[PDB]
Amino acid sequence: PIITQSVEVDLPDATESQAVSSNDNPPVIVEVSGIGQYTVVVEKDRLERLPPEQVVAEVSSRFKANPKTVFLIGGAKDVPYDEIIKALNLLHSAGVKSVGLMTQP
């Protein structure tokens, strides 16, 4: 106590929906809720309860296979800010350069 989190982001004019609609492949969705706990979803395939290092492995694998892959962070409206910063840092550590942020029911 107390550790704070930070991340720098750039804001492009291109949109989250544009990224998804213009891509040949489904997006890879990193869903957050669970303190440092993630579900990775690609279409119907769900990889639940993954710890940070396993999310890095999964995401880095997909980015290497196709760097054009669209990555999204999904979560309920009330997911804590600190968890969102952690997730952005996690994705950047795995090599991801662009992310769509979206809230979900």
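A residue's number is simply how far along the shown sequence it sits, counting from 1.
*Asks:* Mean CA B-factor: is it higher for 34-42 or for 71-79?
*Replies:* Comparing 34-42 with 71-79, the higher average CA B-factor belongs to 34-42.
*Asks:* Higher average CA B factor in the deposited record is what I'm after, so tell me if that's 5-13 or 82-90.
*Replies:* Higher mean C-alpha B-factor: 5-13.
*Asks:* Choose from 29, 65, 50, 56 the residue with the greatest Cα B-factor as stated in the PDB record.
*Replies:* Each of 29, 65, 50, 56 was compared by C-alpha B-factor; the highest is 65.
*Asks:* Residue 104: which third of its chain by C-alpha temperature factor?
*Replies:* Ranked within chain, residue 104 CA B lands in the highest tercile.
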